[PDB]
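Here is target-v9.txt, consisting of compact mmCIF, N, CA and C atoms:
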# COMPACT_ATOMS: atom_id res chain seq x y z
N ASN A 1 -0.26 132.71 83.41
CA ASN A 1 0.77 131.91 82.76
C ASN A 1 0.47 130.42 82.89
N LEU A 2 -0.66 130.00 82.34
CA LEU A 2 -1.06 128.60 82.39
C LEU A 2 -1.58 128.13 81.03
N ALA A 3 -0.66 127.94 80.09
CA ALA A 3 -1.02 127.48 78.75
C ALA A 3 0.23 127.23 77.90
N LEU A 4 0.35 126.01 77.40
CA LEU A 4 1.50 125.64 76.57
C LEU A 4 1.60 126.54 75.35
N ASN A 5 2.60 126.29 74.52
CA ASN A 5 2.81 127.08 73.31
C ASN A 5 1.60 126.98 72.38
N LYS A 6 0.95 125.82 72.38
CA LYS A 6 -0.22 125.60 71.54
C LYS A 6 -1.40 125.10 72.38
N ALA A 7 -1.32 123.86 72.83
CA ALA A 7 -2.37 123.27 73.65
C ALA A 7 -2.07 121.81 73.97
N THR A 8 -2.57 121.35 75.12
CA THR A 8 -2.35 119.98 75.55
C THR A 8 -3.63 119.36 76.09
N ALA A 9 -3.72 118.03 76.01
CA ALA A 9 -4.89 117.32 76.49
C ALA A 9 -4.51 115.97 77.08
N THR A 10 -5.18 115.58 78.17
CA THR A 10 -4.91 114.31 78.83
C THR A 10 -6.19 113.51 79.02
N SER A 11 -6.04 112.26 79.45
CA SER A 11 -7.19 111.39 79.68
C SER A 11 -7.72 111.55 81.10
N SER A 12 -6.81 111.60 82.07
CA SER A 12 -7.19 111.74 83.47
C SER A 12 -6.60 113.02 84.06
N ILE A 13 -7.19 113.49 85.15
CA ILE A 13 -6.73 114.71 85.81
C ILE A 13 -7.47 114.93 87.12
N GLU A 14 -6.78 115.54 88.08
CA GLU A 14 -7.38 115.82 89.39
C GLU A 14 -8.48 116.87 89.27
N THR A 15 -8.10 118.08 88.89
CA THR A 15 -9.05 119.17 88.75
C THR A 15 -9.96 118.95 87.54
N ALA A 16 -10.71 119.98 87.18
CA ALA A 16 -11.62 119.91 86.04
C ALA A 16 -10.95 120.41 84.77
N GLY A 17 -9.73 119.93 84.52
CA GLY A 17 -9.00 120.34 83.34
C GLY A 17 -8.29 121.67 83.53
N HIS A 18 -6.97 121.61 83.72
CA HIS A 18 -6.18 122.82 83.91
C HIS A 18 -4.71 122.47 84.17
N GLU A 19 -4.48 121.31 84.78
CA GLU A 19 -3.13 120.86 85.08
C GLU A 19 -2.35 120.58 83.80
N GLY A 20 -3.08 120.28 82.73
CA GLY A 20 -2.45 119.99 81.45
C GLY A 20 -1.58 121.13 80.96
N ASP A 21 -2.00 122.36 81.27
CA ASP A 21 -1.25 123.54 80.85
C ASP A 21 -0.02 123.74 81.73
N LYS A 22 0.13 122.90 82.74
CA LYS A 22 1.26 122.98 83.65
C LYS A 22 2.52 122.39 83.01
N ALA A 23 2.36 121.83 81.82
CA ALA A 23 3.48 121.24 81.10
C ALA A 23 4.21 122.28 80.27
N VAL A 24 3.83 123.54 80.43
CA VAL A 24 4.45 124.63 79.70
C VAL A 24 5.97 124.56 79.78
N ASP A 25 6.47 124.03 80.90
CA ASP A 25 7.91 123.90 81.11
C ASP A 25 8.42 122.60 80.51
N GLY A 26 7.60 121.55 80.58
CA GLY A 26 8.00 120.26 80.05
C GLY A 26 9.19 119.67 80.77
N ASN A 27 9.52 120.23 81.93
CA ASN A 27 10.65 119.76 82.72
C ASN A 27 10.22 119.45 84.15
N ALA A 28 11.19 119.25 85.03
CA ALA A 28 10.92 118.94 86.43
C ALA A 28 10.12 120.06 87.08
N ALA A 29 10.14 121.24 86.47
CA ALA A 29 9.41 122.39 86.99
C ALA A 29 7.91 122.17 86.91
N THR A 30 7.50 121.17 86.14
CA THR A 30 6.08 120.86 85.97
C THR A 30 5.67 119.69 86.85
N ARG A 31 4.40 119.66 87.24
CA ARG A 31 3.88 118.60 88.09
C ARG A 31 2.53 118.11 87.58
N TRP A 32 2.56 117.15 86.66
CA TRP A 32 1.33 116.61 86.09
C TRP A 32 0.81 115.45 86.94
N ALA A 33 -0.49 115.45 87.20
CA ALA A 33 -1.11 114.40 87.99
C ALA A 33 -2.47 114.00 87.42
N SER A 34 -2.57 112.76 86.95
CA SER A 34 -3.81 112.26 86.37
C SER A 34 -4.67 111.59 87.43
N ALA A 35 -5.98 111.77 87.32
CA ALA A 35 -6.92 111.18 88.27
C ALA A 35 -6.84 109.66 88.23
N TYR A 36 -6.67 109.05 89.40
CA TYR A 36 -6.58 107.60 89.50
C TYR A 36 -7.79 106.93 88.86
N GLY A 37 -7.54 105.93 88.02
CA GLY A 37 -8.61 105.22 87.35
C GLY A 37 -8.85 105.73 85.94
N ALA A 38 -9.88 105.19 85.29
CA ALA A 38 -10.21 105.60 83.93
C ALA A 38 -9.12 105.17 82.95
N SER A 39 -8.91 103.86 82.84
CA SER A 39 -7.90 103.33 81.94
C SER A 39 -8.54 102.74 80.69
N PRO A 40 -7.73 102.59 79.63
CA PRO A 40 -6.31 102.96 79.65
C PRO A 40 -6.11 104.47 79.72
N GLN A 41 -4.88 104.89 80.02
CA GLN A 41 -4.55 106.31 80.11
C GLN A 41 -3.79 106.77 78.87
N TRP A 42 -3.97 108.04 78.52
CA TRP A 42 -3.29 108.61 77.36
C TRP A 42 -3.14 110.12 77.50
N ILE A 43 -2.31 110.71 76.65
CA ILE A 43 -2.07 112.15 76.69
C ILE A 43 -1.26 112.60 75.47
N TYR A 44 -1.67 113.72 74.88
CA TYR A 44 -0.98 114.26 73.72
C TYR A 44 -0.70 115.75 73.89
N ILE A 45 0.37 116.22 73.26
CA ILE A 45 0.75 117.62 73.35
C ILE A 45 0.89 118.24 71.96
N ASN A 46 0.27 119.41 71.78
CA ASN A 46 0.32 120.10 70.50
C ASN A 46 1.44 121.14 70.49
N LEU A 47 2.42 120.94 69.61
CA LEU A 47 3.55 121.87 69.50
C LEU A 47 3.13 123.15 68.79
N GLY A 48 2.70 123.00 67.54
CA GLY A 48 2.27 124.16 66.76
C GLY A 48 2.04 123.82 65.30
N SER A 49 3.06 123.25 64.66
CA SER A 49 2.96 122.89 63.25
C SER A 49 3.85 121.68 62.94
N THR A 50 3.81 121.23 61.69
CA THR A 50 4.61 120.09 61.27
C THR A 50 6.09 120.32 61.55
N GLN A 51 6.69 119.39 62.28
CA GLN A 51 8.11 119.48 62.62
C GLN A 51 8.78 118.12 62.55
N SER A 52 10.06 118.11 62.17
CA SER A 52 10.82 116.87 62.06
C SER A 52 11.28 116.39 63.44
N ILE A 53 11.07 115.11 63.71
CA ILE A 53 11.46 114.52 64.98
C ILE A 53 12.43 113.36 64.78
N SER A 54 13.32 113.16 65.75
CA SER A 54 14.30 112.09 65.68
C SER A 54 14.15 111.13 66.85
N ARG A 55 14.21 111.67 68.06
CA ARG A 55 14.07 110.87 69.27
C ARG A 55 13.48 111.69 70.41
N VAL A 56 12.46 111.14 71.06
CA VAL A 56 11.80 111.82 72.17
C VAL A 56 11.83 110.97 73.43
N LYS A 57 12.19 111.60 74.55
CA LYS A 57 12.26 110.90 75.83
C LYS A 57 11.24 111.47 76.82
N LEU A 58 10.54 110.59 77.52
CA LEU A 58 9.54 111.00 78.50
C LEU A 58 9.64 110.16 79.77
N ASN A 59 9.11 110.69 80.86
CA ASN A 59 9.14 109.99 82.14
C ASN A 59 7.75 109.48 82.51
N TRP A 60 7.71 108.39 83.27
CA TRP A 60 6.44 107.79 83.69
C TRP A 60 6.20 108.03 85.17
N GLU A 61 7.26 108.39 85.89
CA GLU A 61 7.16 108.65 87.32
C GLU A 61 6.81 107.37 88.08
N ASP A 62 6.38 107.53 89.33
CA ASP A 62 6.01 106.39 90.16
C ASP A 62 5.09 105.44 89.40
N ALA A 63 4.25 106.00 88.54
CA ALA A 63 3.32 105.20 87.76
C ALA A 63 4.06 104.21 86.87
N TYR A 64 4.22 102.98 87.37
CA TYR A 64 4.91 101.94 86.62
C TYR A 64 3.96 101.22 85.67
N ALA A 65 4.23 101.33 84.37
CA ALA A 65 3.40 100.69 83.36
C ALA A 65 4.11 99.49 82.75
N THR A 66 3.33 98.50 82.33
CA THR A 66 3.88 97.29 81.73
C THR A 66 4.30 97.54 80.28
N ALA A 67 3.77 98.61 79.69
CA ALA A 67 4.09 98.96 78.32
C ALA A 67 3.45 100.29 77.93
N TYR A 68 4.09 101.00 77.00
CA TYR A 68 3.58 102.29 76.55
C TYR A 68 3.71 102.41 75.03
N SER A 69 3.12 103.47 74.48
CA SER A 69 3.16 103.70 73.04
C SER A 69 3.30 105.19 72.74
N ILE A 70 4.14 105.51 71.76
CA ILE A 70 4.36 106.90 71.37
C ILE A 70 4.05 107.12 69.89
N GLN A 71 3.22 108.11 69.60
CA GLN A 71 2.85 108.42 68.23
C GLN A 71 2.55 109.91 68.07
N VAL A 72 2.04 110.29 66.90
CA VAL A 72 1.71 111.68 66.62
C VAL A 72 0.34 111.80 65.96
N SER A 73 0.08 112.94 65.34
CA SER A 73 -1.19 113.18 64.67
C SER A 73 -0.97 113.69 63.25
N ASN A 74 -1.62 113.03 62.29
CA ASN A 74 -1.50 113.41 60.89
C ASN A 74 -2.29 112.47 60.00
N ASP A 75 -2.62 112.93 58.80
CA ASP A 75 -3.38 112.12 57.85
C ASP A 75 -3.55 112.86 56.52
N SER A 76 -3.91 114.14 56.61
CA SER A 76 -4.12 114.96 55.42
C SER A 76 -3.02 116.01 55.29
N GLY A 77 -2.08 116.00 56.23
CA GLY A 77 -0.99 116.96 56.20
C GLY A 77 -1.29 118.20 57.03
N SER A 78 -2.52 118.68 56.95
CA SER A 78 -2.93 119.87 57.69
C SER A 78 -4.03 119.53 58.69
N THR A 79 -4.75 118.44 58.43
CA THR A 79 -5.83 118.01 59.30
C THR A 79 -5.50 116.69 59.98
N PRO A 80 -4.61 116.75 60.98
CA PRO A 80 -4.18 115.56 61.74
C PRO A 80 -5.30 115.01 62.62
N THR A 81 -5.32 113.69 62.78
CA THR A 81 -6.34 113.04 63.60
C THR A 81 -5.81 111.74 64.18
N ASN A 82 -5.43 110.81 63.31
CA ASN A 82 -4.91 109.52 63.74
C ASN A 82 -3.45 109.36 63.32
N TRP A 83 -2.86 108.22 63.68
CA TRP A 83 -1.47 107.94 63.34
C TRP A 83 -1.07 106.54 63.80
N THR A 84 0.10 106.09 63.36
CA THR A 84 0.59 104.77 63.72
C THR A 84 1.64 104.85 64.82
N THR A 85 1.52 103.98 65.82
CA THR A 85 2.46 103.96 66.93
C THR A 85 3.90 103.93 66.43
N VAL A 86 4.83 104.34 67.29
CA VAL A 86 6.25 104.35 66.94
C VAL A 86 7.04 103.38 67.81
N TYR A 87 6.43 102.94 68.91
CA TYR A 87 7.07 102.02 69.83
C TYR A 87 6.04 101.27 70.67
N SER A 88 6.38 100.05 71.06
CA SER A 88 5.48 99.23 71.87
C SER A 88 6.11 97.88 72.18
N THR A 89 6.20 97.55 73.46
CA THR A 89 6.77 96.28 73.89
C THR A 89 6.73 96.14 75.41
N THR A 90 7.45 95.16 75.93
CA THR A 90 7.49 94.92 77.37
C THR A 90 8.63 95.69 78.03
N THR A 91 8.81 96.94 77.62
CA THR A 91 9.86 97.79 78.17
C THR A 91 9.29 98.82 79.14
N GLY A 92 8.66 98.34 80.20
CA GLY A 92 8.08 99.23 81.18
C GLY A 92 9.10 100.17 81.79
N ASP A 93 9.49 99.90 83.03
CA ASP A 93 10.47 100.72 83.73
C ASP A 93 9.92 102.13 83.97
N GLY A 94 9.32 102.34 85.13
CA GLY A 94 8.77 103.64 85.46
C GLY A 94 9.75 104.77 85.21
N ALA A 95 11.04 104.44 85.25
CA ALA A 95 12.09 105.44 85.03
C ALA A 95 11.95 106.08 83.66
N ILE A 96 12.61 107.22 83.47
CA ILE A 96 12.56 107.94 82.20
C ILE A 96 13.01 107.04 81.05
N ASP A 97 12.18 106.97 80.01
CA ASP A 97 12.50 106.15 78.85
C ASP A 97 12.64 107.02 77.60
N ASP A 98 13.77 106.90 76.92
CA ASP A 98 14.03 107.67 75.71
C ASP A 98 13.73 106.84 74.47
N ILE A 99 12.74 107.28 73.70
CA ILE A 99 12.36 106.58 72.48
C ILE A 99 12.91 107.28 71.24
N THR A 100 13.76 106.57 70.50
CA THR A 100 14.36 107.13 69.29
C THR A 100 13.82 106.44 68.04
N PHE A 101 13.54 107.24 67.01
CA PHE A 101 13.01 106.71 65.76
C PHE A 101 13.60 107.46 64.57
N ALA A 102 13.11 107.13 63.37
CA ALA A 102 13.58 107.77 62.15
C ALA A 102 13.00 109.17 62.01
N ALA A 103 13.68 110.01 61.23
CA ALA A 103 13.23 111.38 61.02
C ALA A 103 11.85 111.41 60.38
N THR A 104 10.87 111.92 61.12
CA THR A 104 9.50 112.01 60.62
C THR A 104 8.87 113.35 60.98
N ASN A 105 8.04 113.87 60.08
CA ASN A 105 7.37 115.14 60.30
C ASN A 105 6.07 114.95 61.08
N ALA A 106 5.88 115.77 62.11
CA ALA A 106 4.68 115.69 62.93
C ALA A 106 4.42 117.02 63.65
N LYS A 107 3.15 117.31 63.89
CA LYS A 107 2.76 118.54 64.57
C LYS A 107 2.59 118.31 66.07
N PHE A 108 1.69 117.40 66.42
CA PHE A 108 1.43 117.09 67.82
C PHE A 108 1.77 115.63 68.13
N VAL A 109 2.19 115.37 69.36
CA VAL A 109 2.55 114.02 69.78
C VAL A 109 1.53 113.47 70.78
N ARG A 110 1.21 112.19 70.63
CA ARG A 110 0.25 111.54 71.51
C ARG A 110 0.80 110.22 72.04
N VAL A 111 0.65 110.00 73.34
CA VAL A 111 1.14 108.77 73.97
C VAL A 111 0.00 108.00 74.62
N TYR A 112 -0.02 106.69 74.41
CA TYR A 112 -1.06 105.83 74.98
C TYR A 112 -0.44 104.62 75.68
N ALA A 113 -1.11 104.17 76.74
CA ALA A 113 -0.63 103.01 77.50
C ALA A 113 -1.72 101.96 77.63
N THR A 114 -1.67 100.95 76.76
CA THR A 114 -2.65 99.87 76.78
C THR A 114 -2.89 99.37 78.20
N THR A 115 -1.83 99.36 79.00
CA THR A 115 -1.92 98.89 80.38
C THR A 115 -1.74 100.05 81.36
N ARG A 116 -2.49 100.01 82.46
CA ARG A 116 -2.41 101.05 83.47
C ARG A 116 -1.00 101.14 84.05
N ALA A 117 -0.86 101.90 85.13
CA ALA A 117 0.44 102.06 85.79
C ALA A 117 0.38 101.62 87.24
N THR A 118 -0.28 102.42 88.08
CA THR A 118 -0.41 102.11 89.50
C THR A 118 -1.58 102.86 90.12
N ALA A 119 -1.59 102.95 91.44
CA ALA A 119 -2.66 103.64 92.16
C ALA A 119 -2.99 104.97 91.50
N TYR A 120 -1.98 105.59 90.89
CA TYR A 120 -2.16 106.88 90.23
C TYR A 120 -2.51 106.68 88.75
N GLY A 121 -3.48 107.45 88.27
CA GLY A 121 -3.88 107.35 86.88
C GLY A 121 -2.71 107.43 85.93
N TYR A 122 -2.10 108.61 85.84
CA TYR A 122 -0.96 108.81 84.95
C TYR A 122 -0.03 109.89 85.50
N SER A 123 1.23 109.86 85.07
CA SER A 123 2.22 110.83 85.52
C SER A 123 3.12 111.26 84.37
N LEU A 124 3.60 112.50 84.43
CA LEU A 124 4.47 113.03 83.39
C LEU A 124 5.11 114.34 83.84
N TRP A 125 6.29 114.24 84.44
CA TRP A 125 7.00 115.42 84.91
C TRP A 125 8.20 115.73 84.02
N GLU A 126 8.69 114.71 83.32
CA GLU A 126 9.83 114.88 82.43
C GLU A 126 9.52 114.33 81.04
N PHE A 127 8.77 115.11 80.26
CA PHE A 127 8.39 114.70 78.91
C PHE A 127 8.80 115.76 77.89
N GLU A 128 9.71 115.39 76.99
CA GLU A 128 10.19 116.31 75.97
C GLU A 128 9.52 116.02 74.62
N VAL A 129 8.87 117.03 74.06
CA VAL A 129 8.19 116.89 72.78
C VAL A 129 8.33 118.15 71.94
N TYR A 130 9.05 118.04 70.84
CA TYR A 130 9.26 119.18 69.95
C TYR A 130 10.17 118.80 68.78
N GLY A 131 9.93 119.42 67.63
CA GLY A 131 10.74 119.13 66.45
C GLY A 131 11.22 120.39 65.76

So, in terms of structure tokens, how does the structure I just supplied come out?
Amino acid sequence: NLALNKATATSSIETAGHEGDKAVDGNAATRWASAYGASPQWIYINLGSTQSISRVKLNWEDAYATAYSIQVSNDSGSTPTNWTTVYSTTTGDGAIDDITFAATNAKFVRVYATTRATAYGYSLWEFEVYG
């Protein structure tokens, strides 16, 4: 029982790739830990197919970042690859941050942080992604 509904990928990680599937719960029941270093840090989660989104909230944990970015994957409708950010500013706050936007269709969500966080590469124990 170690695999999300579709698939997930991160930039940093302790083991040799496996903790990413620990987000199957996407709640406090999960414990994601990115390998310290290797910045900037990023991570995306694949839901399954194109879905409408309104507002998504995620946690940064102890890893305090000066700024973050939330986006998705799409370009040809069926062959997603790149996308345009949905948020970005000086709204760090390691605490859980809820990002709300307009109704948009997307399959997978990707988050990037131009600036690092702390001694720890990246963190994500409370990240909700689904449409």

Quiz item: atom C of residue A:41 and atom N of residue A:67, how far apart in Å?
Solution: 11.2 Å

Quiz prompt | Who sits within 8 Å of stretch 68-85 of chain A, all atoms listed in the file, same chain under 6 positions skipped, as a list in words | solution =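 That gives residues 44, 50, 91, 92, 105, 106, 107, 108, 109, 110, 111, 112, 113, 114 and 115 of chain A.
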
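Across the structure, atom C of residue A:36 and atom CA of residue A:120 are spaced 5.8 Å apart.
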
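DSSP annotation of chain A from backbone atoms: helix (DSSP H, G or I) residues are residues 19, 20, 21, 22, 23 and 24 of chain A.
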
Self-check item: Surrounding residues of residue A:27 excluding itself and chain neighbours under 4 positions, 8 Å, all atoms listed in the file, as a PyMOL selection string
Solution: chain A and resi 22-23+31+124-128

Once you add 8 Å to each side, what are the centre and edge lengths of the axis-aligned box holding all listed atoms of stretch 96-109 of chain A? One decimal in Å, as AutoDock Vina command-line options, if you can.
--center_x 7.9 --center_y 112.3 --center_z 71.8 --size_x 28.9 --size_y 28.4 --size_z 39.4

Quiz item: Residues at most 6.5 Å from residue A:20, counting all atoms listed in the file, excluding those fewer than 6 positions away in the same chain, as number ranges by chain?
Solution: A: 4, 8-10

Self-check item: Point-to-point distance from atom CA of residue A:19 to atom C of residue A:61, Å rounded to tenths
Solution: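 Separating atom CA of residue A:19 from atom C of residue A:61 is a distance of 17.0 Å.
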
Show which residues sit within 6.5 Å of residue A:96, as a PDB file with N, CA and C atoms, in the frame of the given file. Count only N, CA and C atoms, and ignore same-chain residues fewer than 3 positions away.
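After the write, out_29.pdb holds the following:
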ATOM      1  N   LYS A  57      12.190 111.600  74.550  1.00  0.00           N
ATOM      2  CA  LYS A  57      12.260 110.900  75.830  1.00  0.00           C
ATOM      3  C   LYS A  57      11.240 111.470  76.820  1.00  0.00           C
ATOM      4  N   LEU A  58      10.540 110.590  77.520  1.00  0.00           N
ATOM      5  CA  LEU A  58       9.540 111.000  78.500  1.00  0.00           C
ATOM      6  C   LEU A  58       9.640 110.160  79.770  1.00  0.00           C
ATOM      7  N   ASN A  59       9.110 110.690  80.860  1.00  0.00           N
ATOM      8  CA  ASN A  59       9.140 109.990  82.140  1.00  0.00           C
ATOM      9  C   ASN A  59       7.750 109.480  82.510  1.00  0.00           C
ATOM     10  N   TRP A  60       7.710 108.390  83.270  1.00  0.00           N
ATOM     11  CA  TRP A  60       6.440 107.790  83.690  1.00  0.00           C
ATOM     12  C   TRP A  60       6.200 108.030  85.170  1.00  0.00           C
ATOM     13  N   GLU A  61       7.260 108.390  85.890  1.00  0.00           N
ATOM     14  CA  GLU A  61       7.160 108.650  87.320  1.00  0.00           C
ATOM     15  C   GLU A  61       6.810 107.370  88.080  1.00  0.00           C
ATOM     16  N   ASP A  93       9.490  99.900  83.030  1.00  0.00           N
ATOM     17  CA  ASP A  93      10.470 100.720  83.730  1.00  0.00           C
ATOM     18  C   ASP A  93       9.920 102.130  83.970  1.00  0.00           C
TER      19      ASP A  93
END

Quiz prompt | Proximity to residue A:102 - best of A:123, A:54, A:2, A:90, only N, CA and C atoms | solution = A:54

Exercise. Write down as a PyMOL selection string the residues of stretch 2-120 of chain A whose backbone DSSP state falls under strand (DSSP E or B).
Key: chain A and resi 7-10+33+41-58+69-72+97-113

Exercise. Have a look at A:88, A:49, A:12, A:100 and name the one nearest to residue A:35; count only N, CA and C atoms.
Key: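 Closest residue, counting only N, CA and C atoms: A:12.
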
Quiz item: Which residue out of A:3, A:95, A:129, A:24 has the minimum interatomic distance to residue A:62 when all atoms listed in the file are used?
Solution: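 Between A:3, A:95, A:129, A:24, the residue approaching residue A:62 most closely is A:95.
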